[PDB]
2 protein chains.
Amino acid sequence: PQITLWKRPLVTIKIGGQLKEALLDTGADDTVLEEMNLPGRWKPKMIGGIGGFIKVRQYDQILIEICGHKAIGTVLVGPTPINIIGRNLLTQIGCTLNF
Amino acid sequence: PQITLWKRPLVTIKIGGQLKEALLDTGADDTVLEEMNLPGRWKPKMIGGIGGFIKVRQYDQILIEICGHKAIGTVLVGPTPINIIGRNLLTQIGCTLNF
Ligand SMILES: CC[C@H](C)CN(C[C@@H](O)[C@H](Cc1ccccc1)NC(=O)O[C@H]1CO[C@H]2OCC[C@H]21)S(=O)(=O)c1ccc(N)cc1
């Protein structure tokens, strides 16, 4: 679909058999989700945003469906202010900026 | 034009008679630019993201040209690690997300 930016581009995602709302974030290299339980192994990592760095758990090769489009990639889980879908997954669903 | 998200969507902007590289960021509510000496009055503000909040100066009705598309609106200035074009100006240049 075509999404205008008058409001936050929030969309429903499905990860680990659970529905959630997430922000399509072209300014994020990576996908960061709020605290949740995900199966499989994970590795501790650090990510930095506008206000500093936070500790996150990195989950690789995770299936996640964004607005009816499937993707399999890395998902970081930690104390982010909001679920954000970053470019690592936006590319998988064929998302582009157009003006 | 169309911009893919394989790499950061950086573009050239023109503000206060200066050319800069800025990020087209659908996840950013409002434009925030790296520290620069803009004239005129301003109002303090704090914006939050990954890692916490930063203090910025809010300038109103600032003219910015993004990829030859003129815009005018709020521009925040503060210790951001990167110039960010937010939704408040992306709408003005007709920018949409598409997949
Ligand atoms: C609350 C939603 C989202 C986190 C908000 N951010 C925009 C976001 O695009 C930032 C914009 C951003 C990009 C680069 C450095 C600092 C901020 N990206 C980001 O934090 O991504 C992180 C996750 O992937 C990694 O790639 C980029 C940093 C990591 S932000 O920078 O903090 C921001 C908040 C309010 C305004 N008005 C303008 C910008």
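Residues numbered from 1 in each chain as written, not as in the entry; some residues may be left out. Chains lettered and ligands numbered in written order. Heavy atoms only, no water. Residues with missing side-chain atoms left out of burial classes, pairs and counts.

Caption draft 1: Fine view of the state of the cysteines. Residues and elements named next belong to chain A. The tally for this structure, following the rule as stated, stands at 0 disulfides over all chains. Unpaired in terms of disulfides, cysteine 67 finds its nearest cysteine sulfur in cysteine 95, a separation of 10.0 Å. Look at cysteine 67 and you get partly exposed, because its relative accessible area is 34%. (Disulfide = S-S within 2.5 Å. Buried < 20%, exposed > 50% of the residue type's maximum accessible area, 1.4 Å probe, protein only.)

Caption draft 2: The arrangement of the site of the ligand in detail. If you check the shell around the ligand, you find 23 residues, and the closest are A:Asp25, A:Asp29, A:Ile50, B:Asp25 and B:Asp30. Surrounding the ligand is a set of residues that belongs to chains A and B. With respect to the ligand, the side chain of A:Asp25 contributes an N or O atom lying 2.5 Å from an oxygen atom. Taking B:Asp30, its main chain carries an N or O atom lying 2.9 Å from a nitrogen atom of the ligand. For the shell around the ligand, the element with the highest residue contribution is strand β5 (residues 43-49) of chain B, accounting for 3 residues. The residue makeup of the shell around the ligand, split by class, is 12 nonpolar, 6 polar and 5 charged. (Near = heavy atom within 4 Å. Polar contact = N/O pair within 3.5 Å; in protein donor to acceptor, adjacent residues only side chain to side chain. Helix = DSSP H or I, 4+ residues; strand = E, 2+ residues; numbered from the N terminus. Nonpolar A, V, L, I, M, F, W, Y, C, P; charged D, E, K, R; others polar.)

Caption draft 3: Structural view of the relation of the copies chain A and chain B. Relative to chain B, chain A is turned by 178 degrees and slid 0.3 Å along the rotation axis, the superposed coordinates differing by an RMSD of 0.5 Å. When the rotation and shift are considered jointly, the pair of chain copies conforms to a two-fold rotation axis. For chain A, the smallest separation between a C-alpha atom and the rotation axis is recorded for A:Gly51, amounting to 2.0 Å. (Least-squares fit on C-alpha atoms.)

Caption draft 4: Structural detail: the packing of aromatic side chains. This structure, assessed with the given rule, holds 0 aromatic pairs over all chains. Between A:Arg57 and the ring centre of A:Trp42, over which it is positioned, the NZ or CZ distance is 5.7 Å. (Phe/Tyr/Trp six-rings, centres within 6.5 Å; stacked < 30°, edge-to-face > 60°. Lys NZ or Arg CZ within 6 Å of the ring centre and 35° of its normal.)

So yeah, pure geometry; function would need other evidence.
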